[PDB]
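Undergrad:
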Amino acid sequence: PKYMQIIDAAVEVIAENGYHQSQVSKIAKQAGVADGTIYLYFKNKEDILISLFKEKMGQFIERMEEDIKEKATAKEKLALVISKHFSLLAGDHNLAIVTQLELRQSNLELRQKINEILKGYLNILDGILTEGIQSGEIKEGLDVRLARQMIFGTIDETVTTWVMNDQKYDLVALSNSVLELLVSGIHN
Amino acid sequence: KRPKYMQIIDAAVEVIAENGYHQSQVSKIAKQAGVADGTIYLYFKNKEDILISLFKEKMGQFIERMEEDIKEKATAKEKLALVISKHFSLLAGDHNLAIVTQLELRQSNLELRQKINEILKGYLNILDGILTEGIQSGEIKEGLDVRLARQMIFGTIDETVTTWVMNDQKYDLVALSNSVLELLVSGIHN
Ligand SMILES: CCCCCCCCCCCCCCCCCC(=O)SCCNC(=O)CCNC(=O)[C@H](O)C(C)(C)COP(=O)(O)OP(=O)(O)OC[C@H]1O[C@@H](n2cnc3c(N)ncnc32)[C@H](O)[C@@H]1OP(=O)(O)O
Ligand SMILES: CCCCCCCCCCCCCCCCCC(=O)SCCNC(=O)CCNC(=O)[C@H](O)C(C)(C)COP(=O)(O)OP(=O)(O)OC[C@H]1O[C@@H](n2cnc3c(N)ncnc32)[C@H](O)[C@@H]1OP(=O)(O)O
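Printed below as a string of structure tokens:
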């Protein structure tokens, strides 16, 4: 529909120009819709940014949630999380620019709305960690919140570095090396 | 004169933290420092010059102090323990600093970001030094991807701070130093 056409054109425009520099009129023209047609679907530019993130994250979570059911151990569940995270962003370079640079807004009001959407993804990491402790696979007395922040922070930094290096190298191929580091640490 | 230069730097930290980088005009920084707009322009080209120099100055001082301190530590674990505790302590000691590092320095403009990341190299090279020495010591096992390990360490420390800033500093960040250390050292597996 026209809705997804605007969403996709927004991903391209925001990635290319930056969020604040982006023009709603330009997003419309690239989507192939009239200027007024965008406002039938979105309140403003902020609504566009939040909705595209909510949408894509919403798709990513529901795929992830059912996919990790097939995997028994916490290590296997985390392996899939990392490879899927890396795979989605490697498949479309515009997406990585949005996630690593453009969604990193400093305005408290806007950033809280962004981080609210992030919560669903981090919740999956929490579940993997809590059930891992239950089985005795994951360290007992380990802080789930801190481990969640290590896992996400590590994955995120790997992506950011890749983005800053013009995405010239294979991000997906780093999946297993990242997993082992998070599993056994630097001492190993 | 450097004292005036650094006075502007310190005034800018407060302004950028309290106002946000977008609303951090030269005139506001001037008013904070208690100097005329012209005085600022004798030391800096513009708002962007101040932000980069701000980061260069404070990171430089952090690195120098860090290089100094870790000389007293023996193992890579102890060296990393110190890096983590000092990183947390600096940002916990002045919340204005943490706002600048976790939010305000996170610029979307690729050209500005590249200049910021250039200053970040010196910090990451200390982590590289700790790891490469650790491999050549037997403390860290062979075949460790240094780059990825560095990215893991910084990413973990950085995300822990950001979460703390986003939760309005409502917990003891420095007290988490050892827990973060053990997670990086031993991982999540039992
Ligand atoms: C208030 C005042 C401030 C107080 C400050 C004092 C307090 C200090 C503590 C606070 C610190 C917090 C920092 C503040 C915020 C900074 C900005 C952020 O957002 S930070 C958070 C976000 N993070 C960031 O923004 C940091 C993102 N990272 C970077 O931008 C860069 O890694 C770099 C510039 C940091 C280093 O660059 P470089 O020296 O070049 O090293 P590279 O490894 O990148 O590249 C080497 C070559 O190898 C290739 N290669 C690399 N990796 C891999 C791999 N895994 N597999 C295969 N290949 C790989 C690569 O293609 C390249 O190839 P080529 O070019 O030779 O062909
Ligand atoms: C466009 C395409 C999209 C692609 C599709 C997506 C799939 C692939 C992409 C992957 C996603 C990439 C993300 C891209 C978006 C960029 C956004 C970033 O900047 S991300 C990079 C930067 N990262 C960020 O910006 C994320 C920063 N984190 C946060 O802002 C939050 O953790 C949260 C909102 C995520 C969750 O919040 P919440 O659910 O509230 O859970 P909390 O634990 O935080 O709070 C619970 C309570 O516990 C307290 N407490 C916490 N720790 C401790 C402790 N150690 N001791 C004692 N107490 C502690 C705390 O004070 C709080 O107090 P209260 O509530 O009782 O008063």
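Chains as they are written, first to last, in the authors' numbering: chain B, 6 to 193; chain A, 4 to 193.
We treat Cβ as the ideally placed atom computed from N, Cα and C, and that holds for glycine.
Just to make sure I have the definition right: I need the residues of chain B whose C-beta is within less than 9 Å of the C-beta of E75(A). Which are they?
TA: Mapped onto the second sequence, residue 75(A) falls at position 72. Within chain B, no residue comes near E75(A); the closest Cβ sits about 21 Å away, beyond 9 Å.
Undergrad: Below 8 Å, how does it come out for the region 33-52 of chain A and the region 77-88 of chain A: are there three or more Cβ pairs, yes or no?
TA: No contact exists between the region 33-52 of chain A and the region 77-88 of chain A.
Undergrad: Given a cut-off of 9 Å, decide if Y126(A) and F65(A) are closer than it, judged by their beta-carbon atoms.
TA: Numbered from 1 along the second sequence, position 62 holds the residue referred to as residue 65(A). Numbered from 1 along the second sequence, position 123 holds the residue referred to as residue 126(A). Closer than 9 Å, so yes.
Undergrad: With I122(A) and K59(A) assumed to form a contact (beta carbons below 8 Å), what rounded beta-carbon distance in angstroms separates them?
TA: Locating residue 122(A) in the second sequence gives position 119, where the first residue counts as 1. Locating residue 59(A) in the second sequence gives position 56, where the first residue counts as 1. Confirmed, about 5 Å.
Undergrad: Are the C-beta atoms of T135(B) and some chain A residue less than 9 Å apart?
TA: Counting from one through the first sequence, the residue named residue 135(B) turns up at place 130. No, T135(B) lies away from the interface with chain A (no Cβ there is under 9 Å from its Cβ).
Undergrad: Quick check: what's the CA-CA separation for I87(A) versus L179(A)?
TA: Along the second sequence, one-based indexing puts residue 87(A) at 84. Along the second sequence, one-based indexing puts residue 179(A) at 176. Looking at the two C-alpha atoms, the distance is approximately 9 Å.
Undergrad: By the three-class DSSP mapping on this structure, what secondary structure does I143(B) have?
TA: The residue labelled residue 143(B) in the question sits at position 138 within the first sequence. In the structure shown, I143(B) sits in a strand (DSSP, three-state: E or B).
Undergrad: Could you spell out the range, first to last residue, of the alpha helix (DSSP H) harbouring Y44(A)?
TA: To locate residue 44(A), count along the second sequence from 1; it is residue 41. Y44(A) -> alpha helix (DSSP H) spans 40-44.
Undergrad: Shorter than 9 Å from the beta carbon of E107(B) to some beta carbon of chain A?
TA: Here residue 107(B) refers to the residue found at position 102 when the first sequence is read from its first residue. Yes, its Cβ sits closer than 9 Å to a Cβ of chain A.
Undergrad: Taking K144(B) as the query, report the chain A residues whose CB atoms sit under 8 Å from its CB, ordered along the chain.
TA: Taking the first sequence and counting its residues from 1, the one referred to as residue 144(B) is at position 139. In chain order: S189, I191, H192, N193.
Undergrad: Check whether the region 162-181 of chain A touches the region 143-154 of chain A, taking contact to mean three or more Cβ pairs, one atom from each stretch, closer than 8 Å.
TA: Contact fails: fewer than three Cβ-Cβ distances are below 8 Å.
Undergrad: Within 10 angstroms of the Cβ of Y24(A), are there 16 or more other Cβ atoms? Answer buried if so, exposed if not.
TA: The count along the second sequence starts at 1 and reaches residue 24(A) at position 21. With 16 or more other Cβ atoms within 10 Å, it is buried.
Undergrad: Need the endpoints of the alpha helix (DSSP H) that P6(A) sits in, please.
TA: Within the second sequence, the letter at position 3 stands for residue 6(A). Start and end: 5-22.
Undergrad: List the DSSP bridge partners of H192(A).
TA: Start at 1 with the first residue of the second sequence, and residue 192(A) comes out as number 189. According to DSSP, which records beta bridges pairwise, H192(A) is partnered with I143(B).
Undergrad: Restricting to Cα atoms, I'd like to know which of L176(A), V18(A), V188(A), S56(A) is closest to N120(A).
TA: Numbered from 1 along the second sequence, position 117 holds the residue referred to as residue 120(A). Comparing Cα-Cα distances from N120(A) to each of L176(A), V18(A), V188(A), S56(A), the minimum goes to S56(A).
Undergrad: Could you work out which residues of chain B lie near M169(A), taking near to mean beta carbons separated by less than 7 Å?
TA: Here the question's residue 169(A) lines up with position 166 in the second sequence. Ordered by position in chain B, the residues that pass the 7 Å Cβ test against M169(A) are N120.
Undergrad: With a cut-off of 9 Å, does the C-beta of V16(B) fall near any C-beta of chain A?
TA: Working through the first sequence from its first residue, we reach residue 16(B) at position 11. So no, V16(B) is outside the interface.
Undergrad: Might you give, ordered along the chain, the residues of its own chain that have their beta carbon closer than 8 Å to the beta carbon of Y46(B), omitting 5 neighbours on each side?
TA: Walking along the first sequence from the start, residue 46(B) turns up at place 41. Once the five neighbours on either side are set aside, the close Cβ partners of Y46(B) are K7, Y8, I11.
Undergrad: List the whole-angstrom C-beta distance separating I191(A) from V183(B), where the pair is believed to meet the contact cut-off of C-beta under 8 Å.
TA: Within the second sequence, the letter at position 188 stands for residue 191(A). Within the first sequence, the letter at position 178 stands for residue 183(B). Not really, about 13 Å apart at Cβ, beyond 8 Å.
Undergrad: Just to confirm, does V103(B) get its C-beta within under 8 Å of one of the non-hydrogen atoms of ligand 2?
TA: Residue numbering aside, residue 103(B) sits at position 98 when the first sequence is read from its first letter. For ligand 2, at least one heavy atom lies less than 8 Å from the Cβ of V103(B).
Undergrad: Quick one: is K80(B) near chain A, going by C-beta distance under 9 Å?
TA: For the purposes of this step, residue 80(B) is taken as residue 75 along the first sequence, with counting starting at 1. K80(B) counts as touching chain A.
Undergrad: Residue range of the alpha helix (DSSP H) that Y174(A) falls in?
TA: As a working note, residue 174(A) is residue 171 in the second sequence. Looking at the DSSP string, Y174(A) is not in any alpha helix (DSSP H), and its letter there is neither H nor E.
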